[PDB]
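# Architecture and fold: a report
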Amino acid sequence: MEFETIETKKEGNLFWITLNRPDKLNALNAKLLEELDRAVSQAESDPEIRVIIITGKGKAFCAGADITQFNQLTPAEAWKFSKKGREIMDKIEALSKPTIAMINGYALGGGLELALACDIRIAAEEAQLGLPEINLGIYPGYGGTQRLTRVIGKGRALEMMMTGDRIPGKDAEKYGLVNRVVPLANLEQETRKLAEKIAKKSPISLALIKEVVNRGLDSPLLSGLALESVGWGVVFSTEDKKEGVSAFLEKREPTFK
Amino acid sequence: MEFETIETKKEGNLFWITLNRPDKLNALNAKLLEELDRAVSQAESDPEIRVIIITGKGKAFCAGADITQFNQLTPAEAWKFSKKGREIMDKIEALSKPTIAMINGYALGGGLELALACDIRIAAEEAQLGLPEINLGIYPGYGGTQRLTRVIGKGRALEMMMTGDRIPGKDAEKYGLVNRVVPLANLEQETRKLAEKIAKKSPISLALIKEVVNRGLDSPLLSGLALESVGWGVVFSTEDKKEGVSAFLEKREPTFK
Amino acid sequence: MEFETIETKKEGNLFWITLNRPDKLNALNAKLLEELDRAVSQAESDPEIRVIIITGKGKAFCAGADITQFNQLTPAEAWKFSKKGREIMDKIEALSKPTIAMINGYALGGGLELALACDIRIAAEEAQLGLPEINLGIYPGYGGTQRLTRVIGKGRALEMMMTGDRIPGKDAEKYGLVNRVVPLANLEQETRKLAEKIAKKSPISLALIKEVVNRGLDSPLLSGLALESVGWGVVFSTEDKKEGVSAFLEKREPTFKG
Amino acid sequence: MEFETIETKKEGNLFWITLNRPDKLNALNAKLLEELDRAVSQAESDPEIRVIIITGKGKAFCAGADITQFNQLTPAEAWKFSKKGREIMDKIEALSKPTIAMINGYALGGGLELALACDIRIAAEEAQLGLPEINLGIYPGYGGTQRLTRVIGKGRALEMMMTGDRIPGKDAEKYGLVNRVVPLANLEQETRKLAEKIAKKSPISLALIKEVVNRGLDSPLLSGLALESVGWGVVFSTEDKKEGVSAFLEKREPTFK
Amino acid sequence: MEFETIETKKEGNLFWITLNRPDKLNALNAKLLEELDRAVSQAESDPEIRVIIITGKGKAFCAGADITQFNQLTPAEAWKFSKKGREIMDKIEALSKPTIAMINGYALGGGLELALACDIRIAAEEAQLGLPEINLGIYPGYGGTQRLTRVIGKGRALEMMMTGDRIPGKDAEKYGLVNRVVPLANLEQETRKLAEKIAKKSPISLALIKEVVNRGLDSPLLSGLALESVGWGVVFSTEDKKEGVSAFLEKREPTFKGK
Amino acid sequence: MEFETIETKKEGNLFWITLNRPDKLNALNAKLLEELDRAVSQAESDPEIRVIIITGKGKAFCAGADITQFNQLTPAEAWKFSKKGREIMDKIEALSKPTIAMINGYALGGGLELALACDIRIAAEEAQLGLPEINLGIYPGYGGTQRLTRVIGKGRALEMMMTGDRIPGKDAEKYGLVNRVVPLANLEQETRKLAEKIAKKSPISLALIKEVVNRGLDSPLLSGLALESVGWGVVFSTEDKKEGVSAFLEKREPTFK
Ligand SMILES: CC(C)(COP(=O)(O)OP(=O)(O)OC[C@H]1O[C@@H](n2cnc3c(N)ncnc32)[C@H](O)[C@@H]1OP(=O)(O)O)[C@@H](O)C(=O)NCCC(=O)NCCS
Ligand SMILES: CC(C)(COP(=O)(O)OP(=O)(O)OC[C@H]1O[C@@H](n2cnc3c(N)ncnc32)[C@H](O)[C@@H]1OP(=O)(O)O)[C@@H](O)C(=O)NCCC(=O)NCCS
Ligand SMILES: CC(C)(COP(=O)(O)OP(=O)(O)OC[C@H]1O[C@@H](n2cnc3c(N)ncnc32)[C@H](O)[C@@H]1OP(=O)(O)O)[C@@H](O)C(=O)NCCC(=O)NCCS
Ligand SMILES: CC(C)(COP(=O)(O)OP(=O)(O)OC[C@H]1O[C@@H](n2cnc3c(N)ncnc32)[C@H](O)[C@@H]1OP(=O)(O)O)[C@@H](O)C(=O)NCCC(=O)NCCS
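The scheme used for residues numbers each chain from 1 in its written sequence order. That scheme is not guaranteed to match the entry numbering, and residues without coordinates are omitted from view. Going through the entries in the order they are written, you letter the chains from A and number the ligands from 1. Derived side-chain values reflect all non-hydrogen atoms in the structure, with water molecules and hydrogen atoms excluded from consideration.

## Considerations on the pattern of salt bridges
- In what follows, salt bridge is the name for a side-chain nitrogen of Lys or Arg lying within 4 Å of a carboxyl oxygen of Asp or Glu. As enumerated under the stated definition, the model contains 131 salt bridges over all chains in all.
- The partner of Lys197(A) in a salt bridge is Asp165(B), with the nearest N and O atoms 2.7 Å apart. Of the two residues, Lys197(A) sits in helix α7 (residues 187-199) while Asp165(B) sits in the loop between α5 (154-163) and β9 (167-168), which places them in two different chains. Secondary structure elements follow DSSP: runs of H or I no shorter than four residues count as helices, runs of E no shorter than two count as strands, and numbering proceeds from the N terminus.

Take a look at the structure:
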């Protein structure tokens, strides 16, 4: 309910998670990652919640991992540290409920890596995005080497990771790093409209779409197609499917409960 | 050569398959899938045919699939239903001859899934594309969860499948969902020009290209590269290679029989 | 360092490899492939070199490959010839040091395949890229069928391979085949700028980024992620990491000496 | 349903396909492969058939592909010939009904590839198995390079393919190439006993087991697991599940109608 | 630390988890899974623990998933139920510390799937193992369709899942389903011997071995090899490596402390 | 021709590589690895050589990497060291000519990893095999964690790697770690017999089998099968295939030139 480093708001079917360390530009530290994990678990457990939005308080969405940790890591501890925080990102990606990253400002390092773990990214024009970990003599340790490459392609991902350069929102849109950009002033509203569209749909169909997409993409195409087919069987069994098929024939809007 | 729900036309080495249920916006039903399957096998079997083109009659390319069994399908029958329909799409994808989807209008749900099975998509500016299965409380069941994701990336494919929203032709082109958009008035001409270029080329080279590209993409890069090299040996044995090489060396336009 | 078909130039920590057969539009032949292999081996061996840039002399980056032998190859010999040339491309892709293809002109057939093996591509607006092998009754045999498809997607790669038509640099940028295009007049300057930015960074971190990205991309995502995490432990053992973390805490600019 | 090179017999819910070219040791020619394809399709569509068993007439199971075809083919035709035959094997492997190869004798080259395509292999002690294609200056072309390697491991597979040496049934059992070996005199009864036990189970459960095993094995373990879980949801909607669960609850034998 | 359905015992470096529902042959119910989960998380958290052993009290290791659950589930609920239970098995498989299944008797369905999630299996000759889920009109839903097939091969895994027939310990050993079998009377001794050998090794090296083997097996061979190499970097940073290499050069016995 | 740490002998078609550091049980130092690489590359390039055999001088096959190298390595140097040595193993594995490891005695750590890189392993009953790296506070770094677990299975491989314990020849054979075990006194003759058999066969066919098997095993099955088919194309172009098929048809022994 109440957290040191984040704020949570339940708004009907919408769960809003705001990173709340604005003095440190929402830098991810051990506590914030622990709290973000809990919040996301809360949301997944609570059947009122249908869509989760992550955003940042103030100027930054997230400026990265908290560097103060780093000077006292053994290599073996560094491995475990990277794996631990990255596993929080992996949980978010595998969530059975849709997730949106609303990028209001800087999304750098750990910050962009969190955004990459969400299903959909919507950014402000004023947002700046990057993986500046190479500037510290290291490299992205929260999934960025895998997720950025897959999203914008190897050449652009390598140039961003090797130089550490930030790109503007409009460039992120161009490369497909974010689904679209809008002025900061329109961001909350554009995000709310998307989330509310999704929050109307069948929770079970949404969970199956995510499972089938995520698991299928990692597999050979025939194995992903087989997963899609078997899952279609499961969705077909549901009350929301019945509601949906009957709303269509009766020319009304379905209520997917 | 004579069908209830489709029309076929052989023009030289071009084979045109037109979905023909314009009153239902060319919606896919049991009968249409069965005929499409037969038409494609004939085209693949006919040695005069070098390129296949699939398009729709009327306002739509294909606006969806019939919902008329969905009341008498058990979950297990729904699994087999999904698989049976999708496997026809897989057969088009795996044809030894180039296929082009000429998207003249709505390409929605099953219809977009069919277009995604073709090698190349050319669309009309006026075309609308999407996967609205979520609106019925189900999800795409003819390969959309796998092929859309792979073509436009996960962020945009998830947004499209979770909202059900249609996108105009020009957005499809921006996202790489179609190769080109042109005004509907120039669609048949643009398509024909492409088809005619490909039909000039060695059928055996085209067949090997499709095999190594499709099979190689699903493998580790070194395995796909090994497939490319061994196929290169095969294409080097061909009559069209001898013609092609000696045509260039003797400064002459080659004829590929 | 004295080669027949290529020129090599060491400029600080930058190594420039220029294909040098302008009369034949820098066409790849057995000799050029052999020298390029040797030059790239040299660059990788030399600890003063941080970044390798490949480019072409004259109007072409690389306009194709030598077709002279093609009418005298057996199918089994053709398989081996394909494998031999392509393995030099694979070697460039797997290099421990960042590679940039500076595409100044025609990049066709083998020439596009060479560019595809580099980490990053920067092209002139004037450049034209294509795989016209289909026009000889064959198909790309130095990795194009795999690499182009992965880069610009199946639909556009198949159209390019099936028709054999070239695309302008602006289209290549739109498809993601190159990172960006600039006017040819500004191409060297823009490439040097990128190379110099990369050459300032930790060589061990750059080597780890390439290994993790290349190997991770070929695996299921969890396996790529596991590779990224273990690699992070290796990057934390370096002096460059100590320097970079120091520098950030002391609000000063790091110097990555290696 | 009446064939030249094969005999088909339906015994209750068992479908027996017996290769019938005893003079040529059941060697696979274009006609046999054509008829085998038609026979398996026939069995799969017939809802009375639950289990398919493939065996050979006379002393051999199958002594390979027919070598009289080989010296006619160009290299491009040889690629298409390999693909054509092997795709029939693939279809057998992908069948929604359980398949058993009853290896009564010689299973060499194409014949071993045919056996590898089935779900389960039972052989006679007297059976000899191998891939002697290298003795013709070629190598296995109907899947042996892939299926044998996966079944008996690379070391033993490479030794067999590089030497062309045959192994006895007992060695095949030891290496896991067959499930069981029994004297030829007991082979039909051992096979019948296995087929009858399988024929009693839920056909839908058996179809889902095969799909999730075959597709799952080809995927990353998490994708295979996800496929197993969605399939479990489909199997829970079946009438045979209701029967089976109540039978354990009621301490009575179940009947899978 | 005190559980309704399991017993946990911490003998030095070793953590023994014993399934404790002998009247129902250690059948997995929702409570047992929750408790097993907690116990495995505990052992994982605790640096004093180096090796985890799982076994069953009584006649059976584990006779299956509690079938009384299965009556009420909609297809969607059944999907979720499979995934939830199987995700616990996944967690055991992915644990950073070595796990041994000590299979003292019946390992059926859920029971065998639990065994398959452990790193190493040692069984009594007297043990019976199988996946009898097909007898209930269903199929293995806690990972058996994927893990059994990968361990004993597709032919025999299909035969086992399609027939539901159980196999004796010695057949399990022949197929590679267990590492070895010994008489039940020597089973605890054989298991302790193995566990104590592993427990004296570098914890960081063992954690890396498991990560590299598990992640590498699921990848193309070159990617797994890449992961092996980069991990070698990490293991060469440890105090235990210095000790081990020192000990060999000095022709003496190393003591690994896992700093 | 002449090396410091290995001996080589060319007998007809066979090339024998004998590790020659018997005072250190053939432990792999930088020098031995460099010379082994050079010898296998020479053998690959020499058209007279058809089969390569690797064996050890004295008591041992090979007792692993030379441990005197290890306390000089930094972590980043250790990464590099692993990759360098293992890439020599990779090269042996991918060689275009058949390789046999004749395991005369101890094959531990790097020695077992070297044996695992060869196509076929024949061991003496007296041979002891293992991966005792864990005994040194490290783990296998020349590919053992991947190759051993693919060959004998995860449970047996994890137990050997975690305990460091050695197994005798006969258990190696049980596990499929070696093809065959014979007494040391018969080992050279058993190895020679196998080698001479393989050296009779088509060099091009043997190269294609190795490429198709190694690359195919690493792929989804359908991609492996596609590779086998196109390769069959290439092997049908060879003089040796013409000789083999016409030899069989002409009822005579083939001579594979
Ligand atoms: C984002 C940026 C471009 C614009 O910020 P700016 O206007 O320079 O203001 P700062 O971000 O320096 O100031 C905000 C505070 O948060 C801190 N902060 C920012 N990112 C941080 C991180 N990843 N970890 C810990 N602290 C961080 C700053 O050091 C500063 O703290 P201080 O003023 O109390 O010392 C700038 O912060 C930048 O250079 N980023 C470096 C931060 C970073 O960690 N980059 C690597 C991410 S892996
Ligand atoms: C199978 C085996 C070793 C038995 O040998 P055997 O006991 O001497 O019996 P035969 O060789 O007389 O075989 C019986 C008949 O079947 C034929 N036959 C066997 N395998 C055949 C094949 N793969 N293709 C065509 N015909 C075949 C023989 O030519 C012979 O016919 P004939 O009596 O009209 O001349 C032997 O037949 C053999 O070597 N077959 C070839 C197997 C092979 O190469 N398979 C690879 C498939 S590409
Ligand atoms: C293991 C087995 C062969 C032992 O047979 P047995 O020695 O006659 O023992 P019982 O059948 O009396 O079983 C002992 C008790 O444990 C219970 N039990 C055993 N396995 C169970 C399971 N998977 N779910 C629920 N309860 C189970 C039995 O119902 C019985 O309960 P009761 O004594 O309160 O009536 C038998 O319990 C069995 O067949 N279980 C497997 C169930 C199955 O088909 N699949 C597993 C699904 S994951
Ligand atoms: C194989 C072994 C059991 C045989 O024992 P043995 O018959 O007593 O023979 P020794 O131990 O005396 O070995 C003979 C010589 O080879 C040396 N040697 C053996 N394996 C070696 C290795 N991997 N690296 C360096 N030297 C090695 C020994 O140190 C000894 O040298 P010395 O006589 O000059 O001191 C034992 O030598 C051994 O355990 N070796 C280490 C194996 C290993 O851990 N390999 C993996 C390393 S990464």
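The discussion continues.
## Considerations on the sheet that holds strand β8 (residues 128-130) of chain E
Residue and element names in this part refer to chain E.
- Spatial ordering of the open sheet is given by β4-β6-β8-β9, a layout of four strands whose pairing is mixed. Two strands close off the open sheet at either side, each with one partner strand: β4 (60-62) and β9 (167-168).
- Paired strands, in this sense, are two strands between which DSSP finds at least two bridges. Across two bridges, β8 lies against β9 in antiparallel orientation. Within β9, the residue paired with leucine 129 across the bridge is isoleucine 167.
- Note on contacts: a residue pair qualifies if any of its non-hydrogen atoms lie within 4.5 Å across the two residues. Here an angle of 0 to 180 degrees is reported between the N-to-C directions of two axes, which are lines fitted to C-alpha atoms, with helices fitted over the stretch in contact. Sheet strands in contact with helix α3 (residues 110-117) are β4, β6 (106-108) and β8, and its direction is about 95° off that of β6.

## Thoughts on unusual backbone geometry
Residues and elements named next belong to chain B.
- We note that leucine 25 has phi near 60°; this positive angle belongs to a residue other than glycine.
- Of note, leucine 25 is situated in the loop between β2 (14-19) and α1 (30-45).
- Under the scheme applied here, a residue whose accessible area is under 20% of the maximum for its type counts as buried, over 50% as exposed, and between as partly exposed, the area being computed with a 1.4 Å probe on protein chains only. Judged by its relative accessible area of 32%, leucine 25 falls in the partly exposed class.
- Even without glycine at this site, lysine 251 takes up a positive phi of about 50°.

## Quick notes on the UniProt feature "active site" in chain E
Residue and element names in this part refer to chain E.
- UniProt positions are given in the numbering used here, feature names are shortened, and annotations may be inferred rather than shown by experiment. Mapped onto the present numbering, the UniProt feature "active site" falls on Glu113 and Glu133. Spanning 21 residues, the named residues nonetheless gather at one spot, since no C-alpha pair among them exceeds 11.4 Å.
- Checked against the element boundaries, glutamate 113 lands in helix α3.
- Among all residues touching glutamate 113, those that are not within four sequence positions of it are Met89, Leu131, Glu133, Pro140, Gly141, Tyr142, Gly143 and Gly144.
- Locating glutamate 133 in the fold gives a position in the loop between β8 and α4 (144-152).
- Residue contacts for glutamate 133: discarding those within four places in its chain leaves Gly109, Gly110, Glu113, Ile138, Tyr139 and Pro140.

## Considering the interface of chain D and chain E
- In this assembly, 51 residues from chain D lie in contact with 39 residues from chain E.
- Summed over both partners, the accessible area (1.4 Å probe) lost when two parts come together is defined as the buried area. Summed over both sides, the interface between chain D and chain E buries roughly 3900 Å², with carbon and sulfur atoms accounting for 64% of that surface.
- On the chain D side of the contact with chain E, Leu221(D), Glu228(D) and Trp232(D) bury the most area, a combined 19% of that side's loss.
- On the surface where chain D and chain E come into contact, there are three salt bridges.
- Notably, a salt bridge pairs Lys197(D) with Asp165(E), separated by 3.6 Å at the nearest N-O pair.
- Polar contact criterion, stated in full: a pair of N or O atoms within 3.5 Å, where within protein one must be able to donate a hydrogen and the other to accept it, and residues adjacent in sequence count only if both atoms are side-chain atoms. For the pair chain D and chain E, the interface holds 22 residue pairs in polar contact.
- Of the residues forming the side of chain D that touches chain E, the biggest block, 13 residues, is contributed by helix α9 (residues 221-235) of chain D.
- Here the residues of the side of chain D that touches chain E sort into 26 nonpolar, 14 polar and eleven charged. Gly counts as polar in this scheme, as do all residues outside two lists: the nonpolar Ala, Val, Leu, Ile, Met, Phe, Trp, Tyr, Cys and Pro, and the charged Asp, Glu, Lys and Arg.

## Describing the sheet that holds strand β10 (residues 180-182) of chain E
Residue and element names in this part refer to chain E.
- With mixed pairing, six strands are arranged side by side in an open sheet as β1-β2-β3-β5-β7-β10. Whereas interior strands pair on both sides, the edge strands pair on one side only; in this sheet they are β1 (6-11) and β10. Averaged over all pairs of adjacent strands, the angle between their axes in this sheet comes to 20°, without regard to strand direction.
- Taken together, the six bridges between β1 and strand β2 (residues 14-19) define a ladder with antiparallel strand orientation. What sits directly across from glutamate 7, in β2, is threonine 18.

## Some points on the domain arrangement of chain A
Residues and elements named next belong to chain A.
- Domain boundaries assigned for chain A yield domain 1 (1-201) and domain 2 (202-257).
- Each partner contributes residues to the interface: domain 1 has twelve residues there, and domain 2 has eight residues.
- In this assembly, domain 1 packs against domain 2 so that about 740 Å² is buried in total across both faces, 53% of it on carbon and sulfur atoms.
- Its largest share of buried area at the contact with domain 2, domain 1 owes to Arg50, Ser96 and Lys201, together 56% of the area lost on that side.
- Scanning the region where domain 1 abuts domain 2 turns up one salt bridge.
- Between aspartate 119 and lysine 210 there is a salt bridge, with the nearest N and O atoms lying 2.9 Å from each other.
- Applying the counting rule to domain 1 against domain 2 returns five residue pairs in polar contact. Per the annotation, domain bounds derive from an automatic or database assignment of domains.

## What to know about the site of ligand 4
- Here, proximity means that at least one heavy atom of the residue falls within 4 Å of the molecule or strand. Residues in contact with ligand 4 amount to 17 residues; listed here are only the nearest, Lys251(E), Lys24(F), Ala63(F), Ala65(F) and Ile67(F).
- More than one chain reaches ligand 4: its neighbouring residues belong to chains E and F.
- Between ligand 4 and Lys24(F), the relevant distance is 2.5 Å, taken from an oxygen atom to a side-chain nitrogen or oxygen of the residue.
- In the model, a nitrogen atom of ligand 4 is placed 3.0 Å from a nitrogen or oxygen of the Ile67(F) main chain.
- Within the complex, 69% of the 870 Å² of free accessible area of ligand 4 lies under protein.
- Residue composition of the shell around ligand 4, grouped by class: eleven nonpolar, no polar and six charged. Where accessible areas are quoted, they stem from the Shrake-Rupley method and a 1.4 Å probe; at the residue level, only the protein chains shown are allowed to cover.

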